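Peer 1: One structure, pasted below without further comment.
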Amino acid sequence: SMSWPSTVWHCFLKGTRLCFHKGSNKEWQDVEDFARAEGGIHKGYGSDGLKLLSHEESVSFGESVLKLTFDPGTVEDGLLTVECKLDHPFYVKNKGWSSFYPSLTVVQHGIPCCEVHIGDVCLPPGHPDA
């Protein structure tokens with residue numbers, strides 16, 4: 001609808017931290033450090049979308065953050081847990097732009113959003129349905 005913000009890797013914005021449940025690195029890593037380290041252990045990861053399974057809120061170094069767990073749809077690829085800002089937007093298949101905090105997303109990105117819920121399939125930029 002409104003055009004994509006600048007993503008670092010998959011649908012994830014700057015400041016996101018990634019924790020892959022499977023593979024050679026199961027530690028938390030900054031998304032930019034990860035994207036630089038790739039070209040490529042995770043090529044194509046989540047290319048059909050990332051289904052949100054769970055969410056919670058936390059504080060990290062004085063900042064309120066979300067912690068989310070996503071399913072890419074293949075057991076062998078494994079789940080992904082991320083830490084992201086409260087205003088992180090997601091482009092949900094069959095629903096469009098969504099956020100856990102639509103008003104904070106408006107201020108930070110200018111994008112009007114529905115509310116995200118468990119079950120939503122979050123698409124990467126350039127997915128055919130995105």
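Lettering and numbering for the structure tokens are positional, with chains as A, B, ... in the shown order, residues counted from 1 in each chain, and ligands counted from 1 in the shown order.
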Which polymer residues have any atom within 8 Å of an atom of residue A:100, counting only C-alpha atoms, with same-chain residues fewer than 2 positions away left out, as a PyMOL selection string?
Peer 2: chain A and resi 86-89+98+102+115-116
Peer 1: Show me, as a list in words, the residues that have an atom within 10 Å of residue A:126 when counting only C-alpha atoms, minus same-chain residues fewer than 6 positions from it.
Peer 2: residues 4, 10, 11 and 47 of chain A
Peer 1: Which residues are close to residue A:67, i.e. within 10 Å by only C-alpha atoms, leaving aside same-chain residues fewer than 6 positions away? Reply as a PyMOL selection string.
Peer 2: chain A and resi 16-18+54-59+81-86
Peer 1: Could you name the residues that touch residue A:74 at 12 Å or less, counting only C-alpha atoms, but leaving out those on the same chain fewer than 5 positions away, as an MDAnalysis selection string?
Peer 2: chainID A and resid 22 44:51 79:80
Peer 1: Rounded to one decimal in Å, what is the spacing between atom CA of residue A:76 and atom CA of residue A:39?
Peer 2: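 Rounded to one decimal, the two atoms are 20.9 Å apart.
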Peer 1: Please identify which residues in chain A DSSP calls strand (DSSP E) from the backbone, and express them as a PyMOL selection string.
Peer 2: chain A and resi 17-20+29-30+50-60+63-71+80-85+90-92+96-99+114-115+121-122
Peer 1: Now that the selection is made, can you save its residues with N, CA and C atoms as a short mmCIF file (atom, residue, chain, number, x, y, z; two decimals), in the first residue's frame?
Peer 2:
```cif
data_model
loop_
_atom_site.label_atom_id
_atom_site.label_comp_id
_atom_site.auth_asym_id
_atom_site.auth_seq_id
_atom_site.Cartn_x
_atom_site.Cartn_y
_atom_site.Cartn_z
N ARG A 17 17.29 -7.50 16.29
CA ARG A 17 18.24 -8.53 16.69
C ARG A 17 17.58 -9.86 16.39
N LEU A 18 18.38 -10.80 15.90
CA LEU A 18 17.90 -12.09 15.41
C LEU A 18 18.46 -13.22 16.25
N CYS A 19 17.65 -14.26 16.47
CA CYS A 19 18.12 -15.47 17.13
C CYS A 19 17.50 -16.68 16.47
N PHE A 20 18.25 -17.30 15.56
CA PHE A 20 17.81 -18.46 14.84
C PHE A 20 17.84 -19.67 15.76
N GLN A 29 22.14 -11.93 17.34
CA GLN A 29 22.98 -11.08 16.52
C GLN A 29 22.19 -9.88 15.98
N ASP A 30 22.87 -8.74 15.91
CA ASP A 30 22.27 -7.59 15.30
C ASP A 30 22.01 -7.89 13.83
N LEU A 50 6.85 -15.27 7.25
CA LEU A 50 7.14 -15.69 8.63
C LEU A 50 5.84 -15.60 9.44
N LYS A 51 5.35 -16.74 9.90
CA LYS A 51 4.13 -16.79 10.66
C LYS A 51 4.42 -16.49 12.12
N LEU A 52 3.78 -15.47 12.67
CA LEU A 52 3.97 -15.12 14.08
C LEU A 52 3.31 -16.15 14.95
N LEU A 53 4.06 -16.69 15.90
CA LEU A 53 3.56 -17.69 16.81
C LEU A 53 3.36 -17.13 18.23
N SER A 54 4.18 -16.17 18.61
CA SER A 54 4.18 -15.68 19.98
C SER A 54 4.81 -14.32 20.09
N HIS A 55 4.40 -13.57 21.13
CA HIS A 55 4.96 -12.22 21.34
C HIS A 55 4.94 -11.85 22.80
N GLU A 56 5.86 -10.98 23.18
CA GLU A 56 5.89 -10.42 24.50
C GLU A 56 6.68 -9.11 24.38
N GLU A 57 6.70 -8.36 25.46
CA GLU A 57 7.36 -7.08 25.56
C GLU A 57 8.31 -7.16 26.69
N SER A 58 9.39 -6.42 26.57
CA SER A 58 10.48 -6.47 27.54
C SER A 58 11.18 -5.11 27.56
N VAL A 59 12.15 -4.95 28.44
CA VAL A 59 13.02 -3.78 28.45
C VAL A 59 14.47 -4.24 28.27
N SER A 60 15.19 -3.58 27.37
CA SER A 60 16.59 -3.87 27.09
C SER A 60 17.33 -2.55 27.08
N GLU A 63 15.28 0.57 27.00
CA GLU A 63 14.34 0.68 25.91
C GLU A 63 13.32 -0.44 25.91
N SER A 64 12.06 -0.06 25.72
CA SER A 64 10.98 -1.03 25.56
C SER A 64 11.11 -1.70 24.20
N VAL A 65 11.07 -3.04 24.17
CA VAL A 65 11.19 -3.80 22.95
C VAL A 65 10.17 -4.94 22.88
N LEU A 66 9.97 -5.49 21.70
CA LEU A 66 9.14 -6.66 21.47
C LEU A 66 10.11 -7.82 21.28
N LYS A 67 9.66 -9.01 21.68
CA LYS A 67 10.32 -10.25 21.39
C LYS A 67 9.28 -11.14 20.78
N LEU A 68 9.58 -11.61 19.58
CA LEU A 68 8.62 -12.32 18.73
C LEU A 68 9.20 -13.59 18.22
N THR A 69 8.37 -14.63 18.06
CA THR A 69 8.86 -15.89 17.50
C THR A 69 8.06 -16.20 16.28
N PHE A 70 8.77 -16.53 15.21
CA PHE A 70 8.21 -16.72 13.88
C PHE A 70 8.51 -18.13 13.35
N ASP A 71 7.60 -18.64 12.53
CA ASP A 71 7.73 -19.93 11.86
C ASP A 71 7.82 -19.74 10.34
N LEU A 80 12.53 -18.68 14.30
CA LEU A 80 13.35 -17.47 14.49
C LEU A 80 12.72 -16.64 15.57
N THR A 81 13.51 -16.21 16.55
CA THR A 81 13.05 -15.23 17.53
C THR A 81 13.78 -13.92 17.24
N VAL A 82 13.07 -12.81 17.32
CA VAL A 82 13.66 -11.51 17.08
C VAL A 82 13.33 -10.59 18.23
N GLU A 83 14.17 -9.58 18.41
CA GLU A 83 13.85 -8.42 19.23
C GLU A 83 13.69 -7.25 18.28
N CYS A 84 12.59 -6.51 18.38
CA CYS A 84 12.41 -5.37 17.48
C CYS A 84 11.77 -4.21 18.23
N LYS A 85 11.81 -3.03 17.63
CA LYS A 85 11.19 -1.86 18.25
C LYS A 85 9.65 -1.98 18.23
N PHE A 90 4.77 -4.59 9.86
CA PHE A 90 4.82 -5.90 9.21
C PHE A 90 3.79 -5.87 8.11
N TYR A 91 4.12 -6.46 6.97
CA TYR A 91 3.22 -6.52 5.85
C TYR A 91 2.62 -7.90 5.86
N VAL A 92 1.37 -8.00 6.31
CA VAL A 92 0.75 -9.28 6.59
C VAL A 92 -0.02 -9.75 5.37
N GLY A 96 -2.24 -6.67 4.94
CA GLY A 96 -1.55 -5.42 4.67
C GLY A 96 -0.78 -4.95 5.89
N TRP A 97 -0.49 -3.66 5.93
CA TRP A 97 0.42 -3.13 6.92
C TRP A 97 -0.19 -3.29 8.33
N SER A 98 0.62 -3.80 9.24
CA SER A 98 0.18 -4.11 10.59
C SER A 98 1.31 -3.81 11.59
N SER A 99 0.96 -3.64 12.86
CA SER A 99 1.93 -3.27 13.88
C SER A 99 1.35 -3.68 15.21
N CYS A 114 -3.17 -1.82 10.72
CA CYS A 114 -4.00 -2.68 11.54
C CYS A 114 -3.15 -3.25 12.67
N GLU A 115 -3.79 -3.91 13.59
CA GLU A 115 -3.11 -4.59 14.67
C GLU A 115 -2.63 -5.96 14.22
N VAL A 121 0.96 -13.93 8.76
CA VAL A 121 2.13 -14.29 7.98
C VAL A 121 2.75 -13.00 7.48
N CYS A 122 3.94 -12.73 7.99
CA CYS A 122 4.65 -11.50 7.72
C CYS A 122 5.57 -11.72 6.50
#
```
Peer 1: Give the alpha helix (DSSP H) residues of chain A, as DSSP finds them on the backbone, and put them as a ChimeraX atom specification.
Peer 2: /A:31-37,102-109
Peer 1: Could you write out that same residue set with N, CA, C and O atoms as a PDB file, in the first residue's frame?
Peer 2:
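The new file selection-v4.pdb reads:
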```
ATOM      1  N   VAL A  31      20.886  -7.404  13.328  1.00  0.00           N
ATOM      2  CA  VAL A  31      20.488  -7.642  11.958  1.00  0.00           C
ATOM      3  C   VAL A  31      21.504  -7.121  10.931  1.00  0.00           C
ATOM      4  O   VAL A  31      21.731  -7.787   9.895  1.00  0.00           O
ATOM      5  N   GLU A  32      22.130  -5.981  11.194  1.00  0.00           N
ATOM      6  CA  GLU A  32      23.112  -5.479  10.259  1.00  0.00           C
ATOM      7  C   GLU A  32      24.399  -6.332  10.275  1.00  0.00           C
ATOM      8  O   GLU A  32      25.022  -6.562   9.221  1.00  0.00           O
ATOM      9  N   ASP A  33      24.797  -6.781  11.463  1.00  0.00           N
ATOM     10  CA  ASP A  33      25.987  -7.658  11.595  1.00  0.00           C
ATOM     11  C   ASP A  33      25.688  -8.972  10.857  1.00  0.00           C
ATOM     12  O   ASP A  33      26.497  -9.463  10.081  1.00  0.00           O
ATOM     13  N   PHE A  34      24.486  -9.500  11.039  1.00  0.00           N
ATOM     14  CA  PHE A  34      24.048 -10.703  10.333  1.00  0.00           C
ATOM     15  C   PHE A  34      24.048 -10.528   8.822  1.00  0.00           C
ATOM     16  O   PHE A  34      24.587 -11.359   8.099  1.00  0.00           O
ATOM     17  N   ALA A  35      23.459  -9.439   8.337  1.00  0.00           N
ATOM     18  CA  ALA A  35      23.303  -9.230   6.906  1.00  0.00           C
ATOM     19  C   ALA A  35      24.697  -9.056   6.274  1.00  0.00           C
ATOM     20  O   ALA A  35      24.914  -9.473   5.137  1.00  0.00           O
ATOM     21  N   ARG A  36      25.620  -8.416   6.984  1.00  0.00           N
ATOM     22  CA  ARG A  36      26.984  -8.263   6.469  1.00  0.00           C
ATOM     23  C   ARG A  36      27.676  -9.633   6.417  1.00  0.00           C
ATOM     24  O   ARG A  36      28.313  -9.930   5.426  1.00  0.00           O
ATOM     25  N   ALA A  37      27.516 -10.453   7.459  1.00  0.00           N
ATOM     26  CA  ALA A  37      28.093 -11.801   7.512  1.00  0.00           C
ATOM     27  C   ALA A  37      27.535 -12.744   6.426  1.00  0.00           C
ATOM     28  O   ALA A  37      28.271 -13.603   5.937  1.00  0.00           O
ATOM     29  N   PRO A 102       0.084   0.607  16.286  1.00  0.00           N
ATOM     30  CA  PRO A 102      -0.156   1.330  15.031  1.00  0.00           C
ATOM     31  C   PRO A 102       0.152   2.833  15.132  1.00  0.00           C
ATOM     32  O   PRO A 102       0.727   3.387  14.222  1.00  0.00           O
ATOM     33  N   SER A 103      -0.149   3.468  16.265  1.00  0.00           N
ATOM     34  CA  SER A 103       0.125   4.903  16.394  1.00  0.00           C
ATOM     35  C   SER A 103       1.594   5.200  16.443  1.00  0.00           C
ATOM     36  O   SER A 103       2.025   6.202  15.873  1.00  0.00           O
ATOM     37  N   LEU A 104       2.375   4.353  17.109  1.00  0.00           N
ATOM     38  CA  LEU A 104       3.825   4.559  17.118  1.00  0.00           C
ATOM     39  C   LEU A 104       4.402   4.339  15.740  1.00  0.00           C
ATOM     40  O   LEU A 104       5.302   5.048  15.321  1.00  0.00           O
ATOM     41  N   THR A 105       3.862   3.386  14.996  1.00  0.00           N
ATOM     42  CA  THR A 105       4.293   3.189  13.578  1.00  0.00           C
ATOM     43  C   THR A 105       3.972   4.363  12.658  1.00  0.00           C
ATOM     44  O   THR A 105       4.788   4.720  11.747  1.00  0.00           O
ATOM     45  N   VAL A 106       2.809   4.975  12.866  1.00  0.00           N
ATOM     46  CA  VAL A 106       2.460   6.217  12.125  1.00  0.00           C
ATOM     47  C   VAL A 106       3.499   7.294  12.341  1.00  0.00           C
ATOM     48  O   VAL A 106       3.992   7.892  11.396  1.00  0.00           O
ATOM     49  N   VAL A 107       3.866   7.526  13.586  1.00  0.00           N
ATOM     50  CA  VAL A 107       4.832   8.574  13.875  1.00  0.00           C
ATOM     51  C   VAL A 107       6.194   8.277  13.285  1.00  0.00           C
ATOM     52  O   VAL A 107       6.814   9.171  12.734  1.00  0.00           O
ATOM     53  N   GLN A 108       6.672   7.047  13.441  1.00  0.00           N
ATOM     54  CA  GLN A 108       8.016   6.711  13.020  1.00  0.00           C
ATOM     55  C   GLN A 108       8.145   6.466  11.522  1.00  0.00           C
ATOM     56  O   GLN A 108       9.165   6.815  10.977  1.00  0.00           O
ATOM     57  N   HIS A 109       7.140   5.858  10.889  1.00  0.00           N
ATOM     58  CA  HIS A 109       7.214   5.463   9.478  1.00  0.00           C
ATOM     59  C   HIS A 109       6.156   6.090   8.597  1.00  0.00           C
ATOM     60  O   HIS A 109       6.218   5.913   7.417  1.00  0.00           O
TER      61      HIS A 109
END
```
Peer 1: One decimal, in Å: what's the spacing between atom CA of residue A:123 and atom CA of residue A:24?
Peer 2: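 The value is 24.4 Å.
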Peer 1: In Å, with one decimal, what is the gap from atom CA of residue A:78 to atom CA of residue A:21?
Peer 2: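 So the answer is 5.7 Å.
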Peer 1: With only C-alpha atoms as the atoms that count, which of A:128, A:61, A:5, A:75 lies nearest to residue A:94?
Peer 2: A:128
